[PDB]
Structure formats: structure tokens, C-alpha cells
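**Q** Attaching a single structure in C-alpha cells format; questions to follow.
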Amino acid sequence: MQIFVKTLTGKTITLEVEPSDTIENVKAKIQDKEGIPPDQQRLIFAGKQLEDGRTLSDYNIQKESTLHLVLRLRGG
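And the structure:
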């Protein structure tokens with residue numbers, strides 16, 4: 001499943017993922033890819049902050065679903 005993330009700074013990041021993967025996995029796949037830790041990263045889909053425990057499937061995440069990446073600040 002191709003997914004996109006939009007970073008604060010204007011940088012477009014894409015990752016082929018599975019729908020059964022945890023969101024917490026894809027925060028650590030950014031640490032692999034782009035160097036950013038899980039801890040200070042909060043991810044956004046359809047207005048909602050996406051939370052530990054649950055999966056991209058639960059949050060209905062699909063083919064070219066664009067997500068948003070807040071560094072440190074909660075809110076935005």
C-alpha cells in the first residue's frame with residue numbers, strides 16, 4: 001500500500017507499507033529513512049492524532065492516503 005506523509009517543512013515522503021502494520025512501526029521507519037525519533041513525532045490523518053496500539057487499517061488508511069507530521073508540538 002503506497003502512503004504519503006507531508007512534513008511541516010514542505011518535504012514529501014512516501015513509504016510502501018502493509019495495512020496490518022502498527023502506526024508505531026512507520027514512526028520508526030522514518031527514523032531509518034529520515035533520521036527522526038518516534039518520541040517527538042505525532043502523525044495526523046483526517047484531523048485526528050493517530051495513537052499507539054492500533055493500525056493503519058483501523059483508521060481506514062488506503063492507496064495514496066496523505067498523512068501529516070508534527071514535530072514535538074501537539075496541536076498544530
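Residue numbers for the sequence shown follow the authors' numbering, beginning at 1 and rising by one.
Ideal Cβ positions, reconstructed from N, Cα and C, are used throughout, including at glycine.
#1: Using three-state DSSP, classify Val70 as helix, strand or coil.
#2: Under 8 angstroms Cβ to Cβ from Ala28, same chain only, skipping five residues before and after it: list those, please.
#3: Report all residues from its chain with a CB closer than 7 angstroms to the CB of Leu69; omit the five preceding and five following residues, and keep chain order.
#4: In the DSSP assignment, find the beta strand (DSSP E) that holds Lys63 and state where it starts and stops.
#5: At what residues does the beta strand (DSSP E) containing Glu16 begin and finish?
#6: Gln49 by DSSP, collapsed to three states: which one?
**A** Result, derived from the coordinates:
#1: Here the question's residue 70 lines up with position 70 in the sequence shown. Strand at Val70.
#2: Stepping through the sequence shown from its first residue, residue 28 is reached at position 28. For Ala28, where only same-chain residues beyond five positions count, the Cβ hits under 8 angstroms are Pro38.
#3: On the sequence shown, position 69 is the one that residue 69 refers to. Answer for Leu69: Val5, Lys6, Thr7, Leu8, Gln41, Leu43, listed in chain order.
#4: Reading the sequence shown from its first residue, position 63 is the one you call residue 63. No beta strand (DSSP E) holds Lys63; DSSP gives it neither H nor E.
#5: Your numbering for residue 16 matches position 16 in the sequence shown. Run containing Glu16: 12-16, per the beta strand (DSSP E) assignment.
#6: What you label residue 49 is simply residue 49 of the sequence shown in a count that begins at 1. Strand at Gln49.
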